[PDB]
Structure formats: structure tokens, C-alpha cells
Amino acid sequence: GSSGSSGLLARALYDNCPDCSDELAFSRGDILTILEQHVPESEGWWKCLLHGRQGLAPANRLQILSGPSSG
């Protein structure tokens with residue numbers, strides 16, 4: 001099987017103010033779609049998609065929301 005770039009969802013515990021495109025610009029209470037976690041380009045970052053942003057996000061401010069069923 002080809003496991004990777006599945007697409008998870010994370011929450012925003014705090015708004016993010018990115019200075020460059022690389023990073024993503026989100027605001028508290030925003031559901032970001034974690035396209036992929038395995039990001040060798042940025043250590044400790046998550047590639048999410050919002051309003052056509054396609055930027056990374058700090059895993060320190062992102063809460064990986066996982067389902068209870070078959071968790």
C-alpha cells in the first residue's frame with residue numbers, strides 16, 4: 001500500500017501571522033486540512049490548506065484531532 005499524504009484535520013489553538021507564503025495564515029478557531037505531516041523541508045511543521053493558501057503550520061499550535069472510533 002501507498003501510505004502517505006492521506007489528509008488529516010487539525011485545529012488552531014492560536015492565530016498564526018506568517019511573514020512569507022511558505023507558512024499558512026490562519027486564525028483561532030479554524031479547521032486546517034493537514035495535507036501531509038511528513039515534511040522534510042520544514043522541521044516541526046505541517047502542510048495545511050486554507051482559502052487556497054497551501055502553507056505550513058507550527059505543530060506546536062496545531063492540535064491533531066483524531067477520531068475515537070478505531071483510533
# chains A, B, ... in the order shown; residues from 1 in each chain; ligands from 1

$ residues_around --residues "range 8-10 of chain A" --least-positions-apart "5" --cutoff "8 Å" --atoms "only C-alpha atoms" --output "list in words"
residues 31, 32, 33, 34, 35, 36, 62, 63, 64 and 65 of chain A

$ write_last_selection --atoms "N, CA and C atoms" --output "PDB file, in the first residue's frame"
ATOM      1  N   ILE A  31     -10.351  25.268  11.298  1.00  0.00           N
ATOM      2  CA  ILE A  31     -10.023  23.886  10.976  1.00  0.00           C
ATOM      3  C   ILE A  31      -9.134  23.806   9.738  1.00  0.00           C
ATOM      4  N   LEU A  32      -7.866  23.472   9.949  1.00  0.00           N
ATOM      5  CA  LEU A  32      -6.913  23.359   8.850  1.00  0.00           C
ATOM      6  C   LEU A  32      -6.804  21.915   8.370  1.00  0.00           C
ATOM      7  N   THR A  33      -6.775  21.735   7.053  1.00  0.00           N
ATOM      8  CA  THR A  33      -6.672  20.405   6.465  1.00  0.00           C
ATOM      9  C   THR A  33      -5.215  19.990   6.297  1.00  0.00           C
ATOM     10  N   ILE A  34      -4.721  19.188   7.234  1.00  0.00           N
ATOM     11  CA  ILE A  34      -3.342  18.717   7.186  1.00  0.00           C
ATOM     12  C   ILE A  34      -3.113  17.806   5.986  1.00  0.00           C
ATOM     13  N   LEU A  35      -2.707  18.399   4.869  1.00  0.00           N
ATOM     14  CA  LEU A  35      -2.451  17.639   3.650  1.00  0.00           C
ATOM     15  C   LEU A  35      -1.465  16.505   3.912  1.00  0.00           C
ATOM     16  N   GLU A  36      -0.313  16.849   4.481  1.00  0.00           N
ATOM     17  CA  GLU A  36       0.712  15.857   4.786  1.00  0.00           C
ATOM     18  C   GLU A  36       1.521  16.271   6.011  1.00  0.00           C
ATOM     19  N   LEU A  62      -0.871  23.560  16.487  1.00  0.00           N
ATOM     20  CA  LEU A  62      -1.890  22.746  15.834  1.00  0.00           C
ATOM     21  C   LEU A  62      -2.217  21.511  16.667  1.00  0.00           C
ATOM     22  N   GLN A  63      -3.505  21.291  16.910  1.00  0.00           N
ATOM     23  CA  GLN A  63      -3.950  20.143  17.692  1.00  0.00           C
ATOM     24  C   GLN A  63      -4.536  19.062  16.789  1.00  0.00           C
ATOM     25  N   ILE A  64      -3.753  18.017  16.544  1.00  0.00           N
ATOM     26  CA  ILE A  64      -4.195  16.916  15.697  1.00  0.00           C
ATOM     27  C   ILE A  64      -5.433  16.240  16.276  1.00  0.00           C
ATOM     28  N   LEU A  65      -6.590  16.544  15.700  1.00  0.00           N
ATOM     29  CA  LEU A  65      -7.849  15.963  16.158  1.00  0.00           C
ATOM     30  C   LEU A  65      -8.068  14.584  15.543  1.00  0.00           C
TER      31      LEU A  65
END

$ residues_around --residues "residue 59 in chain A" --least-positions-apart "4" --cutoff "8 Å" --atoms "only C-alpha atoms" --output "CSV table (one decimal) with C-alpha atoms, in the first residue's frame"
chain,number,residue,atom,x,y,z
A,44,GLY,CA,8.3,20.6,13.1
A,45,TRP,CA,5.7,21.9,10.6
A,46,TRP,CA,2.5,20.8,8.9
A,63,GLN,CA,-3.9,20.1,17.7

$ atom_distance --atom1 "CA of residue 55 in chain A" --atom2 "CA of residue 18 in chain A"
9.2 Å

$ atom_distance --atom1 "CA of residue 71 in chain A" --atom2 "CA of residue 16 in chain A"
28.3 Å

$ select_by_dssp --residues "chain A" --states "strand (DSSP E)" --output "PyMOL selection string"
chain A and resi 8-12+32-36+45-49+55-58+62-64
